[PDB]
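Asks: My questions will all concern the structure given below.
When we count neighbours, we look across all protein chains shown, and the Cβ atoms used for this are built from the backbone with ideal geometry, even at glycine. Values in this text are rule-based calculations from the coordinates and carry no lab data.
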Amino acid sequence: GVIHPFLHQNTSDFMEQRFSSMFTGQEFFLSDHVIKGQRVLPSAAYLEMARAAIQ
Amino acid sequence: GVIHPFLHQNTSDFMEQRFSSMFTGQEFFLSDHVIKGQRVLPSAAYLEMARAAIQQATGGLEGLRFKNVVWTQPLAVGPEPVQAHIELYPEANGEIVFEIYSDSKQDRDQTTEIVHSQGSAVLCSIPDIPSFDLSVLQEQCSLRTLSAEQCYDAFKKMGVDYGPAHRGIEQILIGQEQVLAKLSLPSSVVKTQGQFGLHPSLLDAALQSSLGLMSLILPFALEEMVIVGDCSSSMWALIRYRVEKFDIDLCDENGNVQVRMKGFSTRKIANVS
């Protein structure tokens, strides 16, 4: 399963700590957040993503 | 899904590169590899785990070398799935130290890490190993021939029950201080040939073939291993008795050495009857 709605999988390697997520547009934070006709990730989402990743 | 049959998920953190896998015991490398009544992860699996882990941690090739590998404890998977982990520690000299352990569920106590395998790895170049003339080796190993039925009957008698996925020995030709074993990926698992670099069936068959040299128990150790190329569906294991050390060359149908193992050692126990 997913680690976190914004952190789908850990993909870290010897060089960098990294997390990766495939956003489809059906998630509530995308389908219900439409700016100028296109689904866009909310600014707040980046802060939550960084927080969870650091945790 | 899983990254690799032995690497289910990446769990690295700022402290360590790490991969984690929950083994249920239904996988072919456990249900068909029963020693003394228990499903046990084949020793060969550890090397493949480490190989796969390194390939992920470096961003993926050939020319990998393991050195000073040890096998300390068996990973038995009973009715409860077992949580295994591999941690990789890189060093400045280019060497990668790996440790493969599992979480014990010692009730009334707090979980503790049980170490199953340790070793080092280095990314080195591919050596130009001369091909073996399989005809000459077959001639040198003409003292006796052991069929697959004979080998796995002996194993079953010793309490080692190899299921279909781990009956890679087709026959063993016996020589003096050496044997030459014909190996083949059991048709049960041919589909999976591409999921592994060091396929546990073939490599475990190579280690099984050490039986031909005339019991071996844990801890095990390996001085050196070099991955030269890919494993094939049909292969040969040239085993040479070199203290209590022997060497194994895994070769393709033409005698090319795809995997060279130097210095296998295992604890000697008296054989009963």
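Asks: Checking the conditions here, which among B:254, B:271 is surrounded by fewer than 20 Cβ atoms within 10 Å (Cβ to Cβ), over 16 Å from the mean Cα position of the chain (by Cα) and more than 29 Å from residue B:126 (Cα to Cα)?
Replies: Numbers: B:254 fails: more than 29 Å from residue B:126 (Cα to Cα).
Exactly one of B:254, B:271 is surrounded by fewer than 20 Cβ atoms within 10 Å (Cβ to Cβ), over 16 Å from the mean Cα position of the chain (by Cα) and more than 29 Å from residue B:126 (Cα to Cα), namely B:271.
Asks: Give me a count of the residues in the stretch B:205-232 that are farther than 17 Å from residue B:247 by Cβ and of a type in the set (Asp, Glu).
Replies: Qualifying residue count for the region: 1.
Asks: A further question on this structure: Counting just the residues of the stretch B:1-54 that are closer than 15 Å to residue B:74 by Cβ and part of a loop (DSSP other than H, G, I, E, B), which one comes out farthest from the other protein chains (Cβ to nearest Cβ)?
Replies: If we take residues in the stretch B:1-54 being closer than 15 Å to residue B:74 by Cβ and part of a loop (DSSP other than H, G, I, E, B), then B:36 is farthest from the other protein chains (Cβ to nearest Cβ).
Asks: Ok, one more. Of everything in the stretch A:5-32 that's surrounded by 15 or more Cβ atoms within 10 Å (Cβ to Cβ) and either over 27 Å from residue B:90 (Cα atoms) or β-branched (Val, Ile, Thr) (or both), which residue is nearest to the chain's Cα centre (by Cα)?
Replies: Of everything passing the filter in the stretch A:5-32, A:6 is nearest to the chain's Cα centre (by Cα).
Asks: Further question: What are the residues in the stretch B:71-95 that are aromatic (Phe, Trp, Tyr) and farther than 24 Å from residue B:13 by Cα, if any?
Replies: Across the stretch B:71-95, the qualifying residue is only B:71.
Asks: Being in contact with a strand residue (DSSP E or B) (Cβ under 8 Å, 6 or more places away or on another chain) and either among the acidic types (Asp, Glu) or within 25 Å of residue B:68 (Cα to Cα) (or both) is the requirement here; does residue B:178 meet it?
Replies: Here the answer is yes, as residue B:178 does meet what is asked.
Asks: Could you say which residue among B:188, B:201 is more than 19 Å from residue B:240 (Cβ to Cβ), surrounded by 23 or more Cβ atoms within 10 Å (Cβ to Cβ) and in contact with a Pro (Cβ under 8 Å, 6 or more places away or on another chain)?
Replies: After ruling out the rest, the residue left standing is B:201.
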